[PDB]
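Along the sequence shown, residues are numbered consecutively beginning with 1.
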Amino acid sequence: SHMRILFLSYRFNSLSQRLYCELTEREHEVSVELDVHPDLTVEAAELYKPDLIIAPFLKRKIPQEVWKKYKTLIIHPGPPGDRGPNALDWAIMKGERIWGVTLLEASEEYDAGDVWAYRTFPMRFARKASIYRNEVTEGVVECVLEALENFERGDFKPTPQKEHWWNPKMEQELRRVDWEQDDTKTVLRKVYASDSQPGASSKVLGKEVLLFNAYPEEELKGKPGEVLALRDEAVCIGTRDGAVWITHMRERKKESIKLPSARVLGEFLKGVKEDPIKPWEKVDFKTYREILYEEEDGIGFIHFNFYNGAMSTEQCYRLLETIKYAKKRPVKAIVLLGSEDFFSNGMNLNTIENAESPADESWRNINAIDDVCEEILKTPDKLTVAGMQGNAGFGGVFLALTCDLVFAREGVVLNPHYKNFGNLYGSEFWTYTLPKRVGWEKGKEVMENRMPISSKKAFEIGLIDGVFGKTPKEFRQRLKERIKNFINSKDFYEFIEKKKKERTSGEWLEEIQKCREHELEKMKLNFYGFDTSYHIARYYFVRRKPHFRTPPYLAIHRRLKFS
């Protein structure tokens, strides 16, 4: 009753990773062929001979010789009959109240195959990636699981399409932000529809950029088109009726790096000064707050909204400062909440690659993230909690594991490994935390494994402490109650006195230092040594270079002993 399934993915992205967990944790075998070349895709199908092919994320036609021979199902992020490559972009730009996803057969005509499954859902006014990672992904899981049952039943007939409409690839003239004709609702709509690819073109300070990650501004006003303010490298720009923050941009030039706005504009920003708001301040108006600290019921909650979960060196220090502020407050627990889209993805490879010496910036970034980790570990008199509302990868996973307790929302996917970025040893105290949670035997096993694992699986194997909630609000609410209940019990004071004993002794303190030394000595080699596979992987990832091979850890069918 177990299927052999082949994924064709342009990139092994968040949706492909979630489907991989859902299918393999039901004891199907999934092999992945990245979309490298049509002849390689033909070979992959003939090698693997799947029962079923699923294309979760595809950027071009599947060769007829594949899908005429192997049942091939295609994910389309629009409701049935919707066709074309930017379904979600158009739904956001048109303001569709209701949207959907459709699982359909490959066909000669684009998006014209018979329908196997579909779901619909109400839209949010939100980033396309947010819709994609939540409503679309959850819709797609449901569709795929349904089609797996249908496939194994045996007499299923898909439903041919009836009405159909075509939306083209959306041109940048459509996305383009005109600061004088566009109110804030319109700017948000265009950036949302273009986030996190391909960005909304615009002219800022007479400079051509792509705009990512917008936020409204009810307070500051100014000339439409002028930079009103700076804040944690985000710029505030006047709109036809208000203002809007733009945290990230990139130069409108091929293979340019997406970066915080201040690092793109550069010396166009002489003179513009900061408008800081410390995360523990309260305001009554909508603005942009990267980090937010809020106290409730004896709990200090640290939200940190780092774009794509990447923590640059400076962002790490802002978080370290907020943690240190929280540890001086009269709270029994401190909770790291990340953002709704990501808990954390470790070091910011984009700021690293953009530095004059990526090696040097990697050294600053990994020491800064370790400093955050070490601050959390050295908290003897408070409960520490990591609350993963969204996915976590690389250092981000292990930042969480420094907390006393780790909880994840349902549907969260973890990537608790580094070697996919060419041989990184990793740090973030993983050599102290992972064996403490799971033992070395089980520990080496998961980090040698290079594939994602669900928060459910992480829970089963003891990597995290619980999974619950379907939405971020529901998760935060149930988390707040679990913590509130604990910090008002005997087990809390027992716990704290035991934790105070451990983390004030010189033994534990030097065991902690020696783990950091060991990890950073290996990380020094990754960064400065003869082997440069980390810097090479970084280059292709950050620059969105296409793949030239599928490595064997993804492609079962490209392995030696493969029979």
Side chain to side chain contact (heavy atoms under 4.5 Å, CB included) partners of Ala214, counting only residues at least two apart: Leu188, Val191, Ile246
Aromatic rings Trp440 and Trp430: how do their planes relate, parallel, tilted or perpendicular, breaks at 30° and 60°? perpendicular
Neighbour count above 12 (heavy atom, 6.0 Å) for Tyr118 OH: no
Within the 3.5 Å criterion, strictly below it, is a donor on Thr287 or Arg231 matched to an acceptor on the partner's side chain? yes
Which distance, rounded to the nearest 0.5 Å, do you find between the CD1 of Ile461 and the NZ of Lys442? 4.5 Å
Which heavy atom of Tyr307 sits nearest a heavy atom of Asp195, and at what distance? OH-OD1, 2.6 Å
SB check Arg127 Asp341 (cutoff 4.0 Å): yes
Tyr418 and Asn420: CA distance, side-chain angles, deciding distance, side-chain hydrogen bond (donor to acceptor under 3.5 Å, both in side chains) verdict: CA-CA 5 Å; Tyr418 311 80; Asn420 298 347; over 6 Å; no
Can the positive tip of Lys470 be found less than 6.0 Å from the middle of the six-membered ring of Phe475, inside 45° of the ring normal? no
Within 6.0 Å of CZ in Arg97, more than 12 heavy atoms from elsewhere: no
Between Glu321 and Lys278, is there a side-chain N and carboxylate O pair less than 4.0 Å apart? yes
Under the side chain to side chain donor-acceptor pair (under 3.5 Å) rule, collect the residues that match up with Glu22, sequence neighbours excluded. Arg18, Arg26
Take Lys436 and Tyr432 through the side-chain hydrogen bond (donor to acceptor under 3.5 Å, both in side chains) test and state the conclusion after the steps. CA-CA 6 Å; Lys436 206 172 178 192; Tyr432 172 79; 2.5 Å; yes
Atom NZ of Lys327 with >12 non-hydrogen neighbours under 6.0 angstrom: yes
Apply salt bridge (charged side-chain N to carboxylate O under 4.0 Å, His left out) to residues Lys500 and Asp381 and explain how you reach the verdict. CA-CA 6 Å; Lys500 264 154 141 181; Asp381 62 335; over 6 Å; no
